[PDB]
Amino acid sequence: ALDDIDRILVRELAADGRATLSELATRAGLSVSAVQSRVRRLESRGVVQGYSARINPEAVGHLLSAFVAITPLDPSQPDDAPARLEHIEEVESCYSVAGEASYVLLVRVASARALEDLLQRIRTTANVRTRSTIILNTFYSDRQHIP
């Protein structure tokens, strides 16, 4: 389970990763000592996995994002595509999926011509066919819901 003070803690940290032990103690109703305990334990148990600023990809030069659906070409070989593409830094996310493809990647790249290159690199390195869906706009991203 998860007591609903740990739920108020995770709610508030999902919405503001830089919120201080201080201002959390007001809204939650504990002490700067007791708050800091719960948080460190939330992280010990893999409930909060880390803290990140959310960087706009366009600002840092990633003008084209895509979903890339991939399917291993040779079923007699071990299916290790995620581990094989792990070193490719333009792959942001890798999920296995129940659909037509075996995996979906989210990929970010400087331009359409850089995507073409990345696709070929993905195909020759993991040994897969690719089908990509270009993203035109993010309306919102990672709004984590804590029930």
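One-based numbering along the sequence shown.
As the entry records it, the average C-alpha temperature factor is higher for 49 to 57, out of 93 to 101 and 49 to 57.
Higher mean CA temperature factor between 111 to 119 and 35 to 43: 35 to 43, per the PDB entry. Out of 134, 126, 14, 24, it is 24 whose C-alpha atom has the highest B-factor in the PDB entry.
The PDB entry assigns the greatest CA B-factor among 28, 88, 66, 69 to 28. For residue 130, the recorded CA B-factor ranks within the lowest third of the chain. Only modelled residues enter the ranking.
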